[PDB]
Structures are given as C-alpha cells and as structure tokens.
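Structural overview
Spelled out from the first residue to the last, the chains are:
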Amino acid sequence: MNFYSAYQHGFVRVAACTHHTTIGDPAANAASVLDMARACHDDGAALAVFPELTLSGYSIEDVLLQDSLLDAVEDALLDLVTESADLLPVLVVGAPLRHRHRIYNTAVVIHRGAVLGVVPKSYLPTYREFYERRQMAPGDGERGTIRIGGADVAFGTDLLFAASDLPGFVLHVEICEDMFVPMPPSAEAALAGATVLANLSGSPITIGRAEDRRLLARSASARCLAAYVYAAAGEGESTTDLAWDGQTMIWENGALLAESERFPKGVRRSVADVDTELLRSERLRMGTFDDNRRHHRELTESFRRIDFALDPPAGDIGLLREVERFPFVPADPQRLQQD
Amino acid sequence: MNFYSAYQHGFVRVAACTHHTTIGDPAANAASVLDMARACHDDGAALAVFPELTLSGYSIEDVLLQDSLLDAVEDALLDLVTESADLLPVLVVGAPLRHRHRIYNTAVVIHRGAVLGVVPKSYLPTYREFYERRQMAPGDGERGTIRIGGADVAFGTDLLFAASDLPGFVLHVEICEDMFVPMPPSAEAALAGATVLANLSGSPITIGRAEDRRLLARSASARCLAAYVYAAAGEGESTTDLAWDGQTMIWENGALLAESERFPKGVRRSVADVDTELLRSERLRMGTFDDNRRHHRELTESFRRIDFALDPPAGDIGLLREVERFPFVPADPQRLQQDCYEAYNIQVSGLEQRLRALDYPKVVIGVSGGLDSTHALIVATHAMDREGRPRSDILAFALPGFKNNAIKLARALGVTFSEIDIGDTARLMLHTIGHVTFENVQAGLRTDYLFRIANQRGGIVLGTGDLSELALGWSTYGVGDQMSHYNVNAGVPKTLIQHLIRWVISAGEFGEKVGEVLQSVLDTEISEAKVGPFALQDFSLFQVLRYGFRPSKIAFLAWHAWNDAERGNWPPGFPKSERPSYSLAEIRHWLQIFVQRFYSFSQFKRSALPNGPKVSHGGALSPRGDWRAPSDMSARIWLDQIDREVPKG
Amino acid sequence: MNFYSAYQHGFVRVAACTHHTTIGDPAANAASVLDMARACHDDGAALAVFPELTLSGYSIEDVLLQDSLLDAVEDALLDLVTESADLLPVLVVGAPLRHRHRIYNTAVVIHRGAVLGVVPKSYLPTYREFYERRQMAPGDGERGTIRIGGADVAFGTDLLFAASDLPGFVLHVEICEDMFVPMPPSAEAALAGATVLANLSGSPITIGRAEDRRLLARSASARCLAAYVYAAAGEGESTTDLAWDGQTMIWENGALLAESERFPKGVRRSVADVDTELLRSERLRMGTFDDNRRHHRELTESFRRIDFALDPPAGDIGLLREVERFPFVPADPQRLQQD
Ligand SMILES: NC(=O)c1ccc[n+]([C@@H]2O[C@H](COP(=O)([O-])OP(=O)(O)OC[C@H]3O[C@@H](n4cnc5c(N)ncnc54)[C@H](O)[C@@H]3O)[C@@H](O)[C@H]2O)c1
Ligand SMILES: Nc1ncnc2c1ncn2[C@@H]1O[C@H](COP(=O)(O)O)[C@@H](O)[C@H]1O
Ligand SMILES: N[C@@H](CCC(=O)O)C(=O)O
Ligand SMILES: N[C@@H](CCC(=O)O)C(=O)O
Ligand SMILES: N[C@@H](CCC(=O)O)C(=O)O
C-alpha cells in the first residue's frame, strides 16, 4: 500500500472554479476553463465545477438566442472535450445548448475525451433580476439523449456519474436556482446514491446573497449527508444591471471545507479533499436516510447511472483538509466557548 | 466552405408534385411518379410529395378491393423503391396497402432504395362525396411494422423521418382529411420535433375548396412553426362524380413559398427552398410552443424517429425562394398600404395615450425638414386632432446651428412655429470647455433647449430618432437626440419612413397644401457614408432582430435579394435611377460595420431608451421589450464568422 | 310558436366587446364593463366576451403583483357579479386572480349573480414584447376550485359551460396565446362538445398581427366546426412600449359574422347571431370529427360541464346575420368571379 496517498484513504479531491468570463466569446471562456482545469489536474483533483453558463457567460440575455453565439459555444465545447482526453478531473462546464425546440441552460459533464452527460437546469427564475424563461427552457422531467459532437449522450435531471474505481464518489449536478426550491433535484439524487453534489451558479451578487448561498449549500450538504461543491460567476459578466462576486465554496456534511476570495481580481479555485468514508459512515448509521429513500422509491430508482474510471494518482499528494488535533476540543475560541 | 450552396445555409429543397393519374393502372402511375421524381432529383430536391393514393388513383372506389389491383400496386411500389436507389429526394407516394385484415390508405416514405416507413391515413371521410371507410381502415392508433418487399418497416401515425446530416429537416406525413380535424396528427408531430409536414391529398375540387385547403395548410404551417407541403390529385382521376384540380402548394410559417397552376394540362410541381433555420429560430423564441409539448409529453415522446442520410448537393443550385429587398417594406402595394396604415395608427395611438395620461401637455418638437421629424410632426398633429386638441399646442422649433421645408410644413399644418439660434450658446459652450465634440455640442444643445422649453411651456419633448438609428447607435446619447419624453419613431425603420410619408400624402387627409410640402420633403431628402446604406442595414437588422441568423446567412440572403436590380420586385416609388444593386464585397463590408455597431457599440444607447410603441413584426429595440442585451460586450465572434464564412467578393 | 324569434330558430346572439381600459383602476374598468354588458343585455345577447385582464389592464407589468391592485380587482369582480343578477348574457371578464401560490391570468365566467367558473390562461408568452411568466402562473393542468366571494367555483382549463335550455350553446373559454400553439385548449374543448369558443386577448398591435389573429381565429372556427368570439384590448392600455387596436371579431365555421373598427375612438362591440343549428348540422355530417374525439377519448371525457339556464328572450329581436339571397351565387363580385 501507499499510506500517504489521500486517495488510498477514501478521499476525493474536488475543485470549485470561478473563471474569467468574456461575455459572448466562448473560445475565450473555454481557454480560461482549460487553463484552470489543467491546474486542477496538476493538483490531482477528480472534479472541477465551473460557473453557470460558463461557455457563453450567464449574463448575455437575448444574445443567448443568436445562432453565431450558439454555434461558437458548440465549437468550444468540442475543443474542451478533446483537451480533456489528457486531464484527470471530471469537468463540469456550463453551456447554453440546443435540444429539440429550445436551448437549455445546461451543465456538460466531461471526462477523459468524452461527454458523460448533459444536465439541464430544472427551475429557471423569471422574477426580480432574472429573465431565464425568456431565452431558455426548463429541464425538469427531460430525459433521453442529446447529440453532441456526433455522439448521443444522456440528457436529463436524473443522472448520476459514478466512479467505478472509487465507489464513494458518485456525482450529481444541479444548477443555481435548483438548490433553492423546496424539493431540489439534488435531494432526490442523494437518496439515489449521489455523495458529491455539484452546483454551477451565475448568481449576480446583492447584499445578503452570499449568506443565502451559504445557508442553502450548507443545509443541503448536512441534510443530504454529502459534499456540496459550488461555483459562481465573477469578473467579466456584464454589469449592465448587476455585479458578480466569484464566490466558490465546498461543503461536507454541514462543514465548510474551503471557500475563495469574494470579488477577486483574477480567477480563484476552492480545492479540498472530501472524505467519502465520512459520508459513507454517516449514511450507514442514519437509517432514517435510507427510510426516506424507500418512501420515495419510484423517484429514486429511476436515476440513470453513468460509469467512468477516474484512475486517480496513487502517490503522496498531501491532504487538502484541516484535520483538528482535538476532535472533542475545537481550536476556534468562540466555538470552544460555546461547547 | 461553399458560400453559394443553399444547403450549406440551412435550406432544404422540397417539391409537391401532381402526376398524371391513370386510374386502376399502378405501373402507369409509378412511371409518371418516377419521371417526376427524376426531375426533382435534377433540381436537387430533398423531398417529393405526391397525391393521395398515387399508385392506384384515389377515385377508383370498390376497385381498391380487387386483388389484381392490390397486387399490381405492390409490384409497382417495389419498382419505385428499386429506382429510388439512384434518386436524391425522399419520395412520399400514396398506395392502398394490405395490413392485418384490411387495406390502409397509406403514404409510403421511400429513400435511396429502401422504405423508411408506411403511414396510414388517420381519418377516413365517409360523408357527402366521400366513402373511404367502405374500402379502407382508419390508421389512428396503428403502430408496429408492415411487411413490404421482404422487409419489416415501421407502420403508423406516430413516425418521424429525420435527416441525420441535416437536423433542421424532420419529416412527418399525414393524409388529406388528417389536417381538417380539431387535433391533426401533424400538430402532435410538430411538438415532437417535425419541421416539414407533408400532406398527400385526393381532394376532389368544388367551389370554395381551394380556399379551405389554403386556410388549413396555411394555419397549420403558422400554428406549428413549420413548412407544410401539399399535393392534390389532378388529371386522370375519374370524373364519374367529381372533378380534380391538381393544386400543389408549399407553406412556411404562414407564408406561401410556392403553388402551381390549378386545372393544369399536364403534370405540375411546386418546388421551393424551405428555410429550416427560420423554423429553428421561431421555435427557439416561442417558449409557449415547448410548453405545449410538455403539456402533451405522453403524446409527443412516443414518436418513433427513423433516421436517414440525405447527403444533399454541396454546390451552387441557386435559391428557389423570394427574398424581398426590404424586410420592413413589402413590395406588394396592397400589403404595403396595409402596413403603412398600421404603422401610422400605432404611432398615433401610442402618442395619444401618453398625452391623455399627462392631461394634454404641449408637444415640443425640433423640426429640421428631414424625413424623421417631418413624419413625427405629422403624427403629433394627427394625435392632437383625434384628441380634440388645438394644433397650436404643438410647438415646433427650428434650431439652426452653424429646412425651409420645416417652416413651410409648420405654417401649413398650423402648429406653433418658432426659431431659436443655438449658435451663440454653442460658441459659449465650446469656448468654456476650451475647444465629434463640435457636432455634439450642437446636437446636445438642441435637446437641452427643447427640454427646457418643455419645462417652461408645459410640454413634453417628442423624440424623432428612427429604429435604424437605434440599431446603429447613430444619435447623440443622453444630452442629444437619443433622449426625449416620448419617441413615436423608435419602432419605425428608416426604410419604412419614406413610405409612411407617401402614405400620408396619398391618403390626402391633411389637405393639398400640406401634401405639397410633404412631397417636397421627399423630393429634397432622397452619414450613409460611414454607417452604410440603410437598405442594407435595415436588411441585416431584421435578420438579426427576428431570427438571430449568423452573419454568413445574412450575407447570403442579402446577396440573393440585392445583387441584381433587374431581378425581384421593388416596392412602389423607386424611380429606376434609385434602384441600386450591391456586390458581395459591399454587402460583406456593411455587415462588418453592422455587427460591430449593433452587437457591441450601440447597445448602451438603447439601454436608456425613452418610451414609444413597437411597430414592426420584425421587432423593436426597447431594452424593456424585444431586445435585452449587454452594454459592454465585444462583437469578436460575429466579425470572426464573417472572416471565416463570407468570401471577400 | 314565435316564428320571428331568432332564439326559437336555434340562433344564439353573442358579443365581443372592447372596453375603455384604465390601467391599474379596476373600479373604472368594471364600470366600463358594466355599461357595455348592459348594452349587450338590451340587444338580447347571450354572451359578452371582454379583453384579456379586463379588470386590471393587461399592460401593467409588475403592478399586477401589488396587493392593493389585486385587492381592488377582487372587489370590482364581486360588484360585477352582483350587477350580473339582472343581466341576460353570460359575461366573460378578464382578471388577475390569486390562487394557491400565484396569480393566474384568468377569465371569470359570470352569470345571473354567480360565478360559473374561472379559467386560467394556459400558455404565458415570455419572449419578444411579452413577459407574462414573470408575474403570472401557467394554467395548463390546473383543476379544482377557487374561492371567489365566499363560494367555491370550478377552476381550470377543462371547463364547459352548457346552456340547459339551449343545447346548441356550449361555451369554452381560452385566452390569447392559447389559440396560437399547435394544440390549443379550444380544439380539445370542441371535440368535447364546445360549440362557441371565446378568446379574451390583450395582444398589443403590430404590423401584420391583425392578419395573424384572423388566420388563427378563422382556421380554429373552421377546423372546430364552431363559432369563435374574440376581443382584444384597445384605448387605455399603456403605451410605454406598445400600441393597442381594440379589434373584436366573431367567426363561424370559417366565415366572418362580424368585426369592429380597428383603433376606434371609444368602445366597440361586435354583435352577431350565431347559428347553432349550422354547427350542429356540420358536426352531424363530418364523422371524422367524432373520430378525432374518440381517438382523444381520455382528453375529451375529462371536461367538467357547468350548467346554466340562459332563458333568452322569446320575441322578435331581429336577426343580426347577413343571410345571402343566393346561397349558390355570392353577392361579392370578386367571390362570384372566383366561383
Ligand atoms: N443622424 C443622426 O441621428 C445623428 C445625430 C447626431 C450625431 N450623429 C452621428 O453620430 C455621432 C455621435 O457620436 P458618438 O456616438 O461618438 O457620441 P455619443 O456621445 O453619443 O457616444 C460616445 C459617448 O458615450 C460614451 N460611451 C461609449 N460607449 C459606452 C458604453 N458602452 N457605456 C457607457 N458609455 C459609453 C463615450 O465615452 C462618449 O462619452 C456624430 O459624430 C455624428 O456623425 C448622427
Ligand atoms: N437645424 C435644426 N433645427 C431644429 N431641429 C433640429 C435641427 N437639426 C436637428 N434637429 C433635431 O434633431 C434631430 C436629429 O437630427 P440629425 O442629428 O440631423 O440627424 C432632428 O430630427 C430634429 O428633431
Ligand atoms: N432565489 C434567489 C436567487 C439567489 C441566487 O440565484 O443565487 C433570489 O432571488 O433572491
Ligand atoms: N372534410 C373536408 C375535406 C376537404 C378536402 O378533402 O380537401 C371537406 O368536406 O371539405
Ligand atoms: N405568438 C404571437 C402572439 C400574437 C398575439 O399574442 O396576439 C407573436 O409573435 O408575438
């Protein structure tokens, strides 16, 4: 055995990335994504989540409907997919994609030269500063496949991406607003077996919103005994009516593993080692969790499980995790006072 | 790339054929079909639809039940399929076919040597002159397969034929009466993804029936955001009790692409290039269409999708499509009169409501003798007339800086006229900031003065900038002509403005003296040096605003409409001296200027836009309505698309 | 018998009205409605259709979400219902109404002192100049009841209002965009038994749109062997970004019975006598129509049928219908040339 290998001890290294948006320029966005993903690769990450609508920019409104923009997004996506043949992590990249009659607000799950799945956002906010239903169709209840670069790949809200050589790591993906409704796709996903829940977010920033995002990502990670990996848009998005803060964060069962500088100059990543055994153990013990699943048996057995082989690095890559010396004695004085 | 290829620009060429019927003689019918299909092939067509029951004749009644007839039909169908190995288009041929217990009234979808599917008619009229249920069984709800020439092929109402190498082209087929019932198979098919709807018809002709066919084919194509391809039986059908007119027609989203001579001597075809990108775009935009699909999810997910490779011709095969030069200005005089009547009334009623709401302020307007302000002054006047307001509450101003039409118009209409020389204020202002800035100081001070007069005199300032100027950011933003309290011209493209003024003259409502001045404004007035000819920019604007077509597609369309001044039609009022034709090199040139100005530079000017009514179905440019876009975006990708896809000349 | 009575010969008199909109002032709208409805009464009409969102104005955007606006809408509706005790016709009045979580874009079907039903618009355009999904919820698939003035009344897209003493008159209601989608609620309603199809429209006017409205109302009336009664908004709607034309029209089996002045100064009505026997006869003969219904048996048997007694006038009220002398020889020279 290799005793100093985080992977050999049931950790999976995950990254939430905020790239440099160049609105309406998918080649540029892809290039920023590719450069960030190569960093993640170098870090031995298994997973790299990007902001909502990465390849186009979230904030471009009716420019999303322009043939040239949609065409350029496809072209760029196929280049990423080809570049990914050499990248270790699963990439989750946002893209407006044509399917059937409309464009869907999707997250493309990319791995080692192939698209594993395409996941459409389920709930499209059309209120206050949000106009998503104007340009894009709702994903809830879409199944089937979508044709991307001459292959048919699973399409829908019901997908799970399971590492065949790392069974603690089962990915589900949702998008921004999805985690804000009473019954988020990710909650059914966790009952079905998802352990790492990704969220690609656009999320223009307002007073108090960062708290809202935390409240909902944290509670989700706790109620679903899961890692929650979250990435919002930042510099480059249009400031015609909104500002953007680039927040990224990674939660695990209610605990913050990592977050990044708000309003950064330049791109930022949150990278952390998620303990899949911790999630495994919590779930093994909390039988009411499996009880919830059995109660929603129909909902939860209908997930399609797409397999991939991660083949993570076997050597010493450190441990990107804060392990406290005294599990019973919190180092933070305010927390210790409370206990 | 091949830039002159209709197929490379998302067109699919379709044909509706009416052959020579020889009743009870399938070999003869197939021979007519084969000969017509070879023509369609030579034309590069992707699809050729024939009349109901092609192989037998629709009108043979109980002869449909004779073994020898049914046997001959099969033999002929198998020859067609064999001949089709060498034919480009998908053939849709009618045939009475045995399945299970009965004969179905079917359409056989044939392609490159194989049967792709067999589609039975759903609803069999048995009333009036129709006796179909006597011989044939209903198809609604039949699924499974049917055995045709030793192969099992899909059979049923639920089929879609999708071109794998041409995704804009997804065929659904129905038969005659099918499109006449409240809930036609074709409507479910469109929601499932069908973009081209074929109809094989028998349809004996009677007074008023051709209108009925039109009504229903046209409305289907419009309601289903689709092409509708229709072919009825003609010469050769029995005239025992009925006559036949051979009508063929092709519709696209409500518009007639093509139709053929009724009661022809001989066979006739309608052939047209359908714009699959147009349908794509309409559907991308009308979300309620996908909403309808989701509501009928069960109905629409159950379609079976049969794939085929069309492999259409890559070369220049022309463009069988009427591309009008002025998307905003219809060449047909009747249609143009109608649009003008509507534009005008929209403008007026928009302004009447603002005035009513403000308890009838004075209307302040800068009149320079140019087309836009002339027209706005007229609109203002009419609005005031309709609301029983004295024309003297209109305050027209000439604002000379560093024309006679303006004072002549104002005196003739009898509004309140006044001159204010802004030059001194401008000299003062230029000196004070220590001096585009020079043009802008004047343009701004005009607006500044008008606004202040409006405060002073209890008015609102009427904007006069037109849509084409909004599109290109050809205005002075903020303090300048971009700004006003209400803009009646905001929705009207420049190419339409001259026709509204004529329309106003021709109606004659304002009297002979006013008409003379208006005529003079036209004669006199008719910056395009820097922003290009508005005919071209209004063309690109319509494509971008309505469909979001890529630059190369816009270039292709514009070149087909504009490259030859002798081809196509000109709206009324273009003396043959003002009938230019444009080269590709020019069209390319102005398009680069257009995408850069439209997508990148100009949006901030539209972002803070005063109120005013949408006019055109092509769209308007209100950031509160039709056009929501970033004020801080580059146009690199459109510029790059032109570099890559549009030849230099 | 009374031989000169249009009603005794199977006619039902219907009105499509365009009122004076006062945006954000329900009391004022109701007052206009009340006054037009009294006219219809005097004309012996059985039915009076008004424009989309009559009681609030269609064009008021987020003002639709203001409590005071919604409260005033309810008060005004209840006054109408009370005034309707004395009115002969069934009134179909537009109103933004609270139900469950949202406001629905509804048509309230009122008759002789009671609300027969409330019908929500099914398809809410959110594209180009339309933003309906921002303020209002889709009605497709809503059923049940809604509580209006202390009574529970049928709510949903599936309703038929059938005159018990006049069986040729079975009303279905849809709203604007409803008639523009491939499978309109009205088409199922006709297969289920509806003979008179109402449409309340807002429909800001643009070049060519009046044609579009005609194309779609005319084809529907022909394909559904029905009368189609249509009323659009006019003077008074906001001209912040749009104009309005007040078009009203009444179709019967593809033929124009009546239409009103476009861009009128003041209110206008189309009033016409619809021949229910003509519709009856066409349907009796075109068996493929009944075939279509059977094929959509599940769709069509699920309609709820609300009964009311019209008790129309028995006397001579003329005949608001153009009866040509030569059924075989059209009076219009252009049409006659064609025949
Ligand atoms: N026929 C007409 O309608 C008309 C009238 C006046 C001027 N013009 C033409 O157009 C010109 C007007 O010049 P212009 O357009 O440079 O003047 P402008 O002042 O309207 O535009 C530039 C101004 O806005 C700022 N700006 C540019 N982009 C911005 C953005 N994205 N966001 C916020 N602010 C931004 C610039 O820094 C500058 O202050 C004239 O020189 C003339 O040739 C035409
Ligand atoms: N000389 C002028 N006198 C009065 N108004 C003017 C004058 N020049 C421009 N305007 C106003 O400003 C608008 C913009 O015109 P322009 O900048 O010349 O294209 C005109 O339509 C008028 O409303
Ligand atoms: N539903 C949230 C959106 C928060 C987000 O998208 O990040 C709001 O409008 O406040
Ligand atoms: N049912 C239609 C059929 C028309 C046709 O076949 O063209 C009619 O009777 O008019
Ligand atoms: N779907 C139509 C709507 C027409 C109407 O609502 O009257 C459009 O293009 O805007």
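The rules behind each value
- Each chain has its residues counted from 1 in the order its sequence is written, and this count may differ from the entry's own numbering; any residue lacking coordinates is left out.
- Labels follow written order: the first chain is A, the first ligand is 1, and so on.
- Any value quoted here refers to the chains shown, not to the larger assembly they are part of.
- No hydrogens and no water enter the side-chain calculation; it runs on all heavy atoms of the structure.
- Residues with missing side-chain atoms are left out of burial classes, side-chain pairs and their counts.
- Helix and strand labels come from DSSP, where a helix needs a run of H or I of at least four residues and a strand needs a run of E of at least two; each type is numbered from the N terminus.
- UniProt positions are given in the numbering used here, feature names are shortened, and annotations may be inferred rather than shown by experiment.
- Each residue's exposure class comes from its accessible area (1.4 Å probe, protein chains only) as a fraction of the maximum for that residue type: buried when under 20%, exposed when over 50%, partly exposed otherwise.
- Contact criterion: two residues are considered in contact whenever any of their non-hydrogen atoms come within 4.5 Å of each other.
- Pairs of N or O atoms are called polar contacts if they sit within 3.5 Å, as long as, within protein, a hydrogen donor faces a hydrogen acceptor (for residues adjacent in sequence, only side-chain-to-side-chain pairs).
- Here the bounds of each domain stem from an automatic or database domain assignment.
- Throughout, the accessible surface (probe 1.4 Å) given up by two parts as they are put together, summed over both, is called the buried area.
- Each residue is assigned to one of three groups, with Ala, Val, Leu, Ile, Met, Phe, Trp, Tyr, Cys and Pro labelled nonpolar, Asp, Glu, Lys and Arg labelled charged, and all others, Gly among them, labelled polar.
- Any carboxyl oxygen of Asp or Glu within 4 Å of a side-chain nitrogen of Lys or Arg constitutes a salt bridge here.
- As used here, the term nonpolar core means buried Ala, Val, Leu, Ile, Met, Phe, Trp, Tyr and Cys residues forming a set that is joined through side-chain atoms within 4.5 Å.
- Near residues are defined by distance, with any heavy atom within 4 Å of the molecule or strand qualifying the residue.
- Accessible surface area values rest on a Shrake-Rupley calculation with a 1.4 Å probe, where residue burial reflects the displayed protein chains alone.
- Pairing between strands is defined by DSSP: at least two bridges between the two strands are required.
- Each axis is a line fitted through C-alpha atoms, and for a helix only the stretch in contact is used; angles between axes span 0 to 180 degrees, taken between their N-to-C directions.
- A patch consists of residues exposed above 30% relative accessible area that lack any salt bridge, with like charges linked at up to 9 Å and nonpolar side chains (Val, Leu, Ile, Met, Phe, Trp, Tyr) linked at up to 5 Å.
- Expected helix span is given by 1.5 Å per residue-to-residue step, counting one fewer step than there are residues.

Structure determination for the deposited model, as stated in its record, used X-ray crystallography, and the stated resolution is 2.6511 Å.

Another aspect to go through is the overall build of chain B. A count of helices and strands for chain B gives 21 helices and 22 strands. Referenced to the eigenvectors of the C-alpha coordinate spread, the extents of chain B come out at roughly 100 × 50 × 50 Å.

Turning our eyes to something else, we now look at the UniProt feature "active site" in chain A. Residues and elements named next belong to chain A. When the UniProt feature table is mapped onto this chain numbering, "active site" sits at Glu52, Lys121 and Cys176. Considering the C-alpha atoms alone, the annotated residues occupy 125 residues of sequence yet fold into one spot, their largest mutual distance being 9.4 Å. Relative to the helices and strands, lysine 121 resides in the loop between β5 (114-120) and β6 (126-127). Exposure remark for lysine 121: the relative accessible area of 1% places this residue in the buried category. Dropping the residues within four chain positions of it, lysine 121 is found in contact with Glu52, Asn105, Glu132, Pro138, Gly139, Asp140, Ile175, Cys176, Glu177 and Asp178. Polar contacts involving the side chain of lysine 121 include one to the side chain of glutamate 52, which spans 2.9 Å. By the secondary structure assignment, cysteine 176 is in the loop between β11 (170-175) and α4 (185-192). In contact with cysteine 176, other than residues within four places in its own chain, are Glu52, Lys121, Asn199, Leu200, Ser201, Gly202 and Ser203.

Before going further, it helps to spend a moment on the side chain of B:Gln498. The topology assignment puts B:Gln498 in helix α15 (residues 494-507). What B:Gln498 contacts, discounting residues up to four positions off in sequence, is B:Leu522, B:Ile526 and B:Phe574.

What follows is about the domain arrangement of chain B. Residue and element names in this part refer to chain B. If you check the domain split of chain B, you get domain 1 (1-322), domain 2 (323-527) and domain 3 (528-649). Computed over C-alpha atoms only, the centres of domain 2 and domain 3 are separated by 24 Å. Counting from both sides, the interface comprises 39 residues of domain 2 and, opposite them, 48 residues of domain 3. Between domain 2 and domain 3, roughly 3,800 Å² of surface is buried when both sides are summed, and carbon and sulfur atoms account for 68% of that area. Connecting domain 2 to domain 3 are 23 residue pairs in polar contact. Going through the elements one at a time, α9 (333-357), α14 (467-472), β22 (486-487) and α15 are the ones with two or more residues in the side of domain 2 that touches domain 3. Of all the elements, α9 adds the most residues to the side of domain 2 that touches domain 3, at six residues. Considering only residue class, the side of domain 2 that touches domain 3 consists of 22 nonpolar, twelve polar and five charged.

Looking now at the interface of chain B and chain C. At the interface, 69 residues of chain B touch 59 residues of chain C. For the pairing of chain B and chain C, the buried interface totals around 5,600 Å² over both sides, and the portion due to carbon and sulfur atoms is 55%. For the chain B face of the interface with chain C, the top three residues by lost area are B:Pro182, B:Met183 and B:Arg223, together amounting to 14%. Taken together, the links from chain B to chain C amount to ten salt bridges. In this structure, C:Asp241 and B:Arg624 form a salt bridge, with 2.9 Å as the shortest nitrogen-oxygen distance. Across the chain B-chain C interface, the total number found is 32 residue pairs in polar contact. At the level of elements, α4 (185-192), α5 (209-223), α6 (276-285), α7 (287-295) and α9 of chain B are the ones that each hand at least two residues to the side of chain B that touches chain C. Of the residues forming the side of chain B that touches chain C, the biggest block, 13 residues, is contributed by α9(B). The class makeup of the residues in the side of chain B that touches chain C is 27 nonpolar, 18 polar and 24 charged.

To continue, consider the UniProt feature "binding site: deamido-NAD(+)" in chain B. Residue and element names in this part refer to chain B. Following the UniProt record, the feature "binding site: deamido-NAD(+)" maps to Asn440, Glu469, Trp474, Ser475, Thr476, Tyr477 and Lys605 here. If you trace the backbone, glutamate 469 turns up in helix α14. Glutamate 469 has contacts with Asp372, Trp474 and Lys494, leaving out every residue within four places of it along the chain. In this structure, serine 475 sits in the loop between α14 and β22.

Another point: the interface of chain B and chain A. The partner chain A presents 36 residues to the 39 residues of chain B that form the contact. Taken as a group, B:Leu284, B:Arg628 and B:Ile637 account for 25% of the area that chain B buries against chain A, more than any other trio of residues on that side. With its nearest N and O atoms 3.0 Å apart, the salt bridge here joins A:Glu142 to B:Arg293. For the pair chain B and chain A, the number of links is 18 residue pairs in polar contact. Looking at the side of chain B that touches chain A, its residues break down into 16 nonpolar, eight polar and 15 charged.

Turning our eyes to something else, we now look at the nonpolar core. Counting 158 residues, the largest nonpolar core has B:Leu47, B:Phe169 and B:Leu171 as its most contacted members. Excluding residues within four positions of it along the chain, B:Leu171 makes contact with B:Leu47, B:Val90, B:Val92, B:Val109, B:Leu159, B:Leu160, B:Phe161, B:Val196 and B:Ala198. Counting 150 residues, the second largest nonpolar core, distinct from the first, contains B:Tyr123, C:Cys17, C:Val108 and C:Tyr228.

Attention shifts here to the UniProt feature "domain: CN hydrolase" in chain A. In this numbering, the UniProt entry assigns the feature "domain: CN hydrolase" to residues 12-276 of chain A. Each end of residues 12-276 of chain A is marked by a C-alpha atom, and these two atoms are 7 Å apart; helix forms 23% of the span and strand 33%.

Turning next to the site of ligand 4. Residues and elements named next belong to chain B. All residues adjacent to ligand 4 are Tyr127, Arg128, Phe130, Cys176, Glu177, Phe180, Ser203 and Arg209. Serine 203 has a polar side-chain atom sitting 2.8 Å from an oxygen atom of ligand 4. Within the complex, the protein chains bury 90% of what would otherwise be the 300 Å² of accessible surface of ligand 4. Looking at the shell around ligand 4 residue by residue, the class counts come to four nonpolar, one polar and three charged.

To continue, consider the sheet that holds strand β16 (residues 268-275) of chain A. Residue and element names in this part refer to chain A. Spatially, β5-β4-β3-β2-β1-β16 is the arrangement adopted by the six strands of the open sheet, whose pairing is mixed. With partners counted over all chains shown, the strands left at the sheet margins are β5 and β16, one partner each. Taking the axes of each pair of neighbouring strands and ignoring which way they run, one obtains an average angle of 30° across the sheet. Pairing analysis gives six bridges linking strand β4 (residues 102-111) to β5, with the strands arranged antiparallel. Counterpart to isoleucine 110 in the pairing with β5 is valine 115.

To continue, consider the site of ligand 5. All names here are of chain C. Around ligand 5, the neighbouring residues are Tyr127, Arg128, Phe130, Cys176, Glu177, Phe180, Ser203 and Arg209. Residue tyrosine 127 places a side-chain N or O atom 2.9 Å away from a nitrogen atom belonging to ligand 5. For ligand 5, an oxygen atom lies 3.0 Å from a polar atom in the side chain of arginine 209. Its free accessible area being 310 Å², ligand 5 has 90% of it covered by the protein chains.

Inspection of the entire model under this criterion finds 95 salt bridges over all chains. Of the charged contacts, one joins B:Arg213 and B:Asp245 as a salt bridge, the two residues approaching to 3.0 Å between their closest N and O atoms. A residue pair is termed long-range when its members are at least 10 positions apart, and B:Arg213 in helix α5 and B:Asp245 in the loop between β13 (227-231) and β14 (248-252) qualify at 32 residues. On the basis of relative accessibility, which here comes to 0%, the residue B:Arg213 falls in the buried class. The exposure class of B:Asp245 is buried, given its relative accessible area of 0%. The salt bridge partner of B:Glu277 is B:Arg550, with a shortest N-O separation of 2.7 Å. Taken as a pair, B:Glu277 and B:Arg550 share a single burial class, namely buried. Each member of the salt-bridge network shares a partner with another, and the members are A:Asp67, A:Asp71, A:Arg98, B:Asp275, B:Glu277, B:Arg280, B:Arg550 and B:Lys553.

Moving on: a nonpolar patch on the surface. On the surface, A:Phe326, A:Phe328, A:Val329 and A:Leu336 cluster together into a nonpolar patch covering about 460 Å² of accessible area. Position of A:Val329 among the secondary structure elements: in the loop between β17 (304-308) and α9 (333-338).

With 17 residues, helix α1 (residues 26-42) of chain A should cover 24 Å at 1.5 Å per step; its first-to-last C-alpha distance of 24 Å lies within 8% of that length. Listing the buried residues of α1(A) in full gives A:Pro26, A:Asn29, A:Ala30, A:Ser32, A:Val33, A:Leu34, A:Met36, A:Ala37 and A:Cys40. On its buried face, α1(A) sits against β1 (11-18), β2 (47-49), α2 (67-83), β3 (90-99) and β16 of chain A together with α21 (636-645) of chain B. Within two residues after α1(A), A:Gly44 carries a phi angle of roughly 65°, on the positive side.

Next up on the list: the sheet that holds strand β14 (residues 248-252) of chain A. All names here are of chain A. Ordered in space as β15-β14-β13-β12-β11-β10-β17, the seven strands form an open sheet in which the pairing is mixed. Only two strands of the sheet have a single partner each, and these edge strands are β15 (255-259) and β17. Averaged over all pairs of adjacent strands, the angle between their axes in this sheet comes to 25°, without regard to strand direction. Sheet strands touched by α4: β10 (159-163), β11, β12 (196-200), β13 (227-231) and β17. Its angle to β11, the strand with the most contacts, is close to 170°.

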